[PDB]
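Step one of this worksheet: look at the structure below.
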Amino acid sequence: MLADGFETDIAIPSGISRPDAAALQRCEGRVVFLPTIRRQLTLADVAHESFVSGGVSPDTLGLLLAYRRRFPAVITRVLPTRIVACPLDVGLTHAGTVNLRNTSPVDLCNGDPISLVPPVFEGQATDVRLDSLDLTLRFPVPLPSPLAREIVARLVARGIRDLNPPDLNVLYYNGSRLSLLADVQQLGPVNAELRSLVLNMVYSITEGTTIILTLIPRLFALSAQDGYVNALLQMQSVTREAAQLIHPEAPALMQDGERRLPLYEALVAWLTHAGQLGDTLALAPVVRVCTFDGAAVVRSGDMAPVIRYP
Amino acid sequence: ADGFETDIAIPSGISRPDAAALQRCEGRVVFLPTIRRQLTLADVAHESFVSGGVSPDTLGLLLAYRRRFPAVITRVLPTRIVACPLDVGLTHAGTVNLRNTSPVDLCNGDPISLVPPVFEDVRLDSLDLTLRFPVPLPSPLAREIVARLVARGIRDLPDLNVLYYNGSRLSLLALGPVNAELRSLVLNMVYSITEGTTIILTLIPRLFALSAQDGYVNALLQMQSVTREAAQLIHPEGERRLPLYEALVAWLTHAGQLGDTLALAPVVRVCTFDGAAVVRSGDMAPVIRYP
Amino acid sequence: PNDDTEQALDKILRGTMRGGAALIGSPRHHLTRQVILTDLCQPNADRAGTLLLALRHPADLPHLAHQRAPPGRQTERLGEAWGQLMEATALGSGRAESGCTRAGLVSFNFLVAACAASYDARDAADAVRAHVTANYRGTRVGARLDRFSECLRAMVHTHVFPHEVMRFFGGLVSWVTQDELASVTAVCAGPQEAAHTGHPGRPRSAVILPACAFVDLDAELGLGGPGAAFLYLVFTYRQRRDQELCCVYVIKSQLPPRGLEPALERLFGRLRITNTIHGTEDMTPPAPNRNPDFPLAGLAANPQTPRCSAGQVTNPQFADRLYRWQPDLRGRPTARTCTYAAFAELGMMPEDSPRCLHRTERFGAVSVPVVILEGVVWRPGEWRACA
Amino acid sequence: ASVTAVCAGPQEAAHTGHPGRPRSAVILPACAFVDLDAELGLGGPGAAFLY
Amino acid sequence: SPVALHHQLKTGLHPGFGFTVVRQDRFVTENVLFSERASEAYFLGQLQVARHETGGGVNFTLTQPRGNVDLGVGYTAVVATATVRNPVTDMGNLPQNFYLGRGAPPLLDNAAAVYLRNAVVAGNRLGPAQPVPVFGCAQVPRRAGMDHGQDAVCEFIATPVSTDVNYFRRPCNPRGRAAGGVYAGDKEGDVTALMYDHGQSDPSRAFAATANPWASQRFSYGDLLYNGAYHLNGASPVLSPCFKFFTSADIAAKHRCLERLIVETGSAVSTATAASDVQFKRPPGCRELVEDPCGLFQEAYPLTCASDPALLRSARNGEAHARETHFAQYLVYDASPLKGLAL
Amino acid sequence: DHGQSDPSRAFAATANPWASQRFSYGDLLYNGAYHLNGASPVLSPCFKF
Amino acid sequence: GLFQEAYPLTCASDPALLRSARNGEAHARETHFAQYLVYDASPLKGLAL
Amino acid sequence: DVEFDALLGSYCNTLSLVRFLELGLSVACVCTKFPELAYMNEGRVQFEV
Amino acid sequence: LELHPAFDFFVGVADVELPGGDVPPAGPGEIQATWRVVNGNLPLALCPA
Amino acid sequence: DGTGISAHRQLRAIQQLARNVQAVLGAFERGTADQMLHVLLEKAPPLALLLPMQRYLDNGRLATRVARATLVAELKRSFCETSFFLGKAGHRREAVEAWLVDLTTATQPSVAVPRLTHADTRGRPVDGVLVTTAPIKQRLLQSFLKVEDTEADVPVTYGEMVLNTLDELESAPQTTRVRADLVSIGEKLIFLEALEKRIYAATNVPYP
Amino acid sequence: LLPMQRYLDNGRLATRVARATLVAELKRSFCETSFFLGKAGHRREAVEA
Amino acid sequence: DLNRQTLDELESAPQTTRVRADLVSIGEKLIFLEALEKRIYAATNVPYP
């Protein structure tokens, strides 16, 4: 962050059909992916045509890796000649606040971090077209951070079905029923997602984990006594049916067990790979919400004050 | 000027012993619902964190402090409590004194996160509320000290008390109600890791069954590599079906839930200027946030 | 034509007097001070605008290696290595001073000459080691180099990693001298160019780095074009029972901290394969062919397999009826021993085209290949292991 | 809707109803207008018969 | 058995068992104020000016502290209630699902414990859509459209078959006993003496000791479901109108002087929220000034209700001509402030 | 959607199972699309429904 | 059009059971052994019709 | 050809400045001004009955 | 799956001309329509005893 | 600039303050008239819980275990009779008039006397204020009551306090005529306005 | 209309429950006051409101 | 100044004549009353809207 901040400028080409000029003025608060932090760019650099890969149109699941290679930025004010935006990885403004309009079906609460998702949901698929410049604009959907980790988990688990010759479409949040639009996924980026999983999957298994696996008979006995332990298993976990069959037991005795702590080493390696993995698939939750005149609910279709999240 | 200051109003009816404890608590970390100019003290107190019915435990206090907003109290008037929030008010001023409630000393250039008072108390009689102040201890210790207390709880179902930072002893044991206050964090560890270490073990049916130290590395390296050979190195391909792919998503969300909890991000870094580098217990430390 | 002269005259006179706060806080800026021994830092030699790195007050060290080491390796190898380094100081070898004189900082040019034998440009690296031996104020300086490099070899083998111990401290702006100790002034957060030097004859300075560690990924990736760049601090690890490696690099790249990991894999992936294969000695295997596979996919199909209810389990009447499964893990090379290069957020350059130079200076009379950076704004961050 | 059309006479001379935009002209799409002056090669002035 | 009683309530068979039904309704009403001349002294301050730079703009927030002095000794102001606008809550039928509750331990066999949870939630209105999160509040599915208002939450309490219906034809407690703190005298244990001491009879019913043996005693089936300390709800965001009655810690901390207790129901914090879709627990920052006759007196009001739909039709003629009893069937005519109203 | 109740009758899910469901006998007689009428110049009063 | 509802008329399944409605509603019986009556709910209720 | 667009009229509201003493609800209070209220800590009034 | 008063709608086995072997394999299946014949073939919830 | 375009732009700019200034500086006198209703609603008890309580305190305390509890039956019985009144028993000129007197007689004349009493044209000063909703006021004027002199005398000066720690108010009479409504009920003239068109017209604020 | 003017002042944001009250408060207001003079005339005090 | 003289009030009052028509007092304001059978729609083909 500078003392004034850093504001990029996206210049507009001169050939403009006047209805497309009013279409840009409705893009007052959106999220824009910049490839660089160059000070002056073009709308052709921003739009979906340069946002494609070489010869291949990316799908929805493959579009996530294209996001984290680039720089999310937010349009501040639409001028007649250019569009002024502020990056997010760079310190955002002089004041520390940006307005963000919700192109999202779900309302927002205070303090919740915002990650951002491609246009995925049915019905609300809205892409602004600049037909004088023959451009297409696909703008991402800002969403709360546990919701974005659900949607990535729904898409990635869908692609693993495609490698194996029901059902997983329906989500829920605030009681709202909502499914998502997807037809195919390219076999390329799914392997890039899956290899990012299983390397982080393996790196949690350490010597203390087998000691933790001996507590599987304890939890299935403890879920009888407290309903809070019944809030774990949910009947859809493996570990409820895994405890019904396997009775594991501990290895003994560990090499150099006097000097070292095996249960401690398994947890810290778990916190750096598996608990990290919510960051590794999608992009980071850079932004949370701090309303100043206190509005507990930011409604769908309205702006919101915006402050960085560490 | 242009410095932002939240103003917390105290309801009248303070007895002379009650104002003396509030006079003493000058540099401490205090949470609040929303950034606002004027605000009651009822949203500050520990009673405001409840869900029932139930006083919130260590797990809920970690969840609350993401949604709550950290602020450090400035000078304390008898009229009002003036405190500045960390995330917006400090970006113009730059320097805020901060007193440790931690027994661990502070070196220069350290990142400091906030921990709920699980390591181990102010209550007001006349105003009928309690105050709990979090512990500003350094962030590399913060991933350690939390994980040590989790490791004790697994033993409930060598010494874990040894923590030597910058040439000083620490005693985690010091007892009774600390263990049961932390019980909910322990169960979400074991349920996350064992559900992790079944699904990976179901998708790869022979991780443990594979040969030791040389075939496993050869299985590791091809999986570790960047080349296009990815999916054929992984997958194993009336009767009931194991709902594995749904159990993927429920585990990823629960793992994705705990990522925000146990990050313990460096909210505060301390830059000692015109003084000693070591800041000890009960000493005001200057605070500079990220620019 | 008079109104155009008036509008120019009005705007300049209004432009000076209406300036808010009398131009005091027009650059945002911060300052640090700390009083530290001149053991591993020579601010008289290493001039204004070099990196500083803080330690962990080494009394913590020799038993953290007793606690966090992989089994089979030595524990007291770290403590015996560190005690010889404090011997090579010959000033604070008595340990009697407590609370003060930590010798907490390490100057960046000293750390380069410690890990100097692992670089590529040996002629550039030995020129760095020359004025470390020559221009420093001390006797038997190369003895300190041999101990401290052996200490860093003893860091990685005894597995307390230096990036857990080292941490960024701000860049040099001025120093006040005395025997054995110097008042060190530095800049933790903000731009480097805003820091007042104190000498009126020479105003504002810049960042000075040796050309041995400075790496630009604009060349090997072939990515031209303008843009902002993120400075980084990257180590290297090579774990073996052999004497081990260390490097420090400062990498200028347009990549985010969230996306640096395939780039460091493209450079240092050769070292990545080694610490997966080796670094597991001596960690004894289990007995061969002991481990079975998972019957969890198999036993779930047959209803005739015996189960357990919540009232059954933890009783030995049903512990023998269920399937028995004993995993072993004592031969696993797991990621904490698969560690290699690790990075941290250091600072960014808000220039459109980032400015880099390649000049040689003295350091009388040693001429050193030096990369000079311009306009560095400091934002420190957490460390991050690439394992 | 009510339609006012010209059955005979010049297409021009009928009043539009907008004195702001008076008399109109024939508008035809280019897919149907095909001359026979090109495909018989016969230039020269004269009148023509629409068909 | 909790599995076995599923079968007999689907096939229409009446087990040896009884119920009360408790639900809460909200009415939007017009009011009339009155106040004699100097009812209050009023002090206003001098305003401040403030500055706050955000988002490409400068906020000026003008604030001013102002104070209040009630100069009158005695009651100087009256709220006069008047005609009703809207029964905002619909008078419908909702079964409360304790599967949102998550507090009580389940039965042992997961073959049986899931068999109820599928057969109760699906396809109930109030049942959870995604099964309940491990710590957080579960959610009720969004209804696609609303008819009249928010649907009130009916509740069911185990009662004997052989109470006199005459206890219900006039206003009373769903509890078998009365509650404080209006009825209590002046002694340290008087509030709990009205609650759970059964050597002495009830105040409001001096004919006997209780009305419900399964409620109104320590560790009763009526209490341990609904005691505020014991926490079998709280994961459920859905309201519980029984919570205002069966939580003994709430009454024990009440003020007891009737000089002040009248004013507190002139403006009391409701447990309900208007903009919530169904009845929900109040969010911590919104408090509605609501008159609560159910607050002080610890009674509830019976409606016009019957069991024959035929014998119910005698009520719409009027009060007197409605027959009450016919061999097994019965009628309960309302005793309410809304008695002669059109609603 | 018959997992959900009705607005106007929140008691149950329908009033006619042969109306108010896709491809009902109530549907295909009087939908606008499926078109068993219209060539009859006589009205159908539930065409609006 | 707005509400998507419709209004019942005064109707019954016996002609003699219909004759209780011309007195007025409050004494008209609705039901008898298998037959039934539906009294109207209409905006035209208190008219001449 | 002659064409033109047009603007016809420009209409506004007038915000009614409302003195509080224009009301007669101000009978119910004696509304007197403090120039300072925020610095005061003791707010007690003596009543003599 | 209850849509027409003269027809039963139900889930049947996919891609089978019937009859028909002894055990049909478990396929995905689709809705097959059969003709309700008599009044008694209506479900007794909609024609009570 | 020196241009006419730039100098015209301040007329849009300065008047953008003066619309916002005169709205916010008018938003505080309404800020009183909001809270003026809110404090009274927090203080005023309902009718059906007052009419026995006035008849109780005229006997004195007589605080027994018994005679105190006679209020509870006489609260409950008097609640379910006269909680609501106008929808319960309208269309009766007799019963409404006593109910309106029950508003005027359930409150004690309260300390202290003002210096600047809200006087009427040729009339006695106003002794009380009714506050009703808009549609009830139409019913209470076309029936059951009469309108009186629309003009009254109102003090315009706010009271002034100056710290000297004991300080006394200074008040000055500056009377103006105000269009209003006066209703004679019983033995004292009663004020009656509705507060819909004057305050809360076209805001987002509920009517308390 | 008469229910809408009782609505549009308070709560301009249509909270979903209070929107649903407006539907029923059209209907009950409609079936009384659709027609007026044929319903209940010859009552002077009733018409003048 | 806010708010200044409006454009519309600058005009002089136009010259007026006398018209016979019915004027009815309702509430606070005079309401103008007409029925249009004689003046308009008498002996035409346009139905009275």
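Each chain of the structure tokens is named A, B, ... in the order shown, its residues numbered from 1; ligands are numbered from 1 in display order.
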
Considering only strand (DSSP E or B) as DSSP defines it on the backbone, what residues of chain H qualify? List them as a count of residues only.
5

Could you pull the residues within 12 Å of residue 36 (chain L), counting only C-alpha atoms, minus those fewer than 6 positions along the same chain, as a ChimeraX atom specification?
/L:21,42,47-49

Provide as a PDB file with C-alpha atoms, in the first residue's frame the residues of chain G at most 7 Å from chain K, counting only C-alpha atoms.
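Written file, iface26.pdb:
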```pdb
ATOM      1  CA  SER G  42     -68.957 -13.751  -2.855  1.00  0.00           C
ATOM      2  CA  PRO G  43     -68.743  -9.981  -3.246  1.00  0.00           C
ATOM      3  CA  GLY G  46     -75.562  -8.787   0.483  1.00  0.00           C
ATOM      4  CA  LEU G  47     -77.001  -7.488  -2.792  1.00  0.00           C
ATOM      5  CA  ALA G  48     -80.490  -7.943  -4.172  1.00  0.00           C
TER       6      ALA G  48
END
```

What's around residue 287 (chain A) at 9 Å? Count only C-alpha atoms, leave out sequence neighbours fewer than 6 positions away in its own chain, and write the answer as a PyMOL selection string.
chain A and resi 88+112-115+306-310

Residue 208 (chain A) environment, 9 Å, only C-alpha atoms, sequence neighbours closer than 6 positions dropped, as a list in words
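The contact residues come out as residues 261, 262, 263, 264, 265, 266 and 267 of chain A.
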
Output of the above residues as a PDB file, in the first residue's frame, restricted to C-alpha atoms:
```
ATOM      1  CA  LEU A 261       5.901 -36.217  20.868  1.00  0.00           C
ATOM      2  CA  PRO A 262       4.132 -38.173  18.109  1.00  0.00           C
ATOM      3  CA  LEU A 263       0.619 -36.816  18.708  1.00  0.00           C
ATOM      4  CA  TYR A 264       1.931 -33.252  18.581  1.00  0.00           C
ATOM      5  CA  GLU A 265       3.809 -33.777  15.319  1.00  0.00           C
ATOM      6  CA  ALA A 266       0.777 -35.291  13.592  1.00  0.00           C
ATOM      7  CA  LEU A 267      -1.397 -32.271  14.386  1.00  0.00           C
TER       8      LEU A 267
END
```

So which residues touch residue 11 (chain I) within 8 Å, counting only C-alpha atoms, skipping near sequence neighbours fewer than 6 positions away, as a PDB file with N, CA, C and O atoms, in the first residue's frame?
```
ATOM      1  N   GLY I  29     -34.170 -47.725 -15.026  1.00  0.00           N
ATOM      2  CA  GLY I  29     -35.618 -47.773 -15.049  1.00  0.00           C
ATOM      3  C   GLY I  29     -36.310 -46.471 -15.390  1.00  0.00           C
ATOM      4  O   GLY I  29     -35.737 -45.389 -15.234  1.00  0.00           O
ATOM      5  N   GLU I  30     -37.554 -46.565 -15.853  1.00  0.00           N
ATOM      6  CA  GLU I  30     -38.346 -45.397 -16.203  1.00  0.00           C
ATOM      7  C   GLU I  30     -39.789 -45.634 -15.789  1.00  0.00           C
ATOM      8  O   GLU I  30     -40.154 -46.709 -15.312  1.00  0.00           O
ATOM      9  N   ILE I  31     -40.612 -44.611 -15.986  1.00  0.00           N
ATOM     10  CA  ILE I  31     -42.019 -44.678 -15.615  1.00  0.00           C
ATOM     11  C   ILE I  31     -42.790 -45.332 -16.752  1.00  0.00           C
ATOM     12  O   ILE I  31     -42.789 -44.836 -17.881  1.00  0.00           O
ATOM     13  N   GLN I  32     -43.444 -46.449 -16.459  1.00  0.00           N
ATOM     14  CA  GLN I  32     -44.286 -47.127 -17.431  1.00  0.00           C
ATOM     15  C   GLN I  32     -45.751 -46.925 -17.076  1.00  0.00           C
ATOM     16  O   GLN I  32     -46.133 -46.992 -15.905  1.00  0.00           O
TER      17      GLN I  32
END
```

Given only C-alpha atoms, how would the per-residue table for chain I near chain B read, listing every residue at most 12 Å away with its closest atom pair and distance in Å to one decimal, sorted by chain and number, as JSON lines?
```
{"residue": "I:25", "atom": "CA", "partner": "B:238", "partner_atom": "CA", "distance": 10.2}
{"residue": "I:26", "atom": "CA", "partner": "B:238", "partner_atom": "CA", "distance": 8.1}
{"residue": "I:27", "atom": "CA", "partner": "B:238", "partner_atom": "CA", "distance": 11.1}
```

Selection export as a CSV table (one decimal), in the first residue's frame, atoms kept: C-alpha atoms:
```csv
chain,number,residue,atom,x,y,z
I,25,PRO,CA,-31.4,-57.0,-13.9
I,26,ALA,CA,-31.4,-53.8,-11.8
I,27,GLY,CA,-31.2,-51.0,-14.4
```
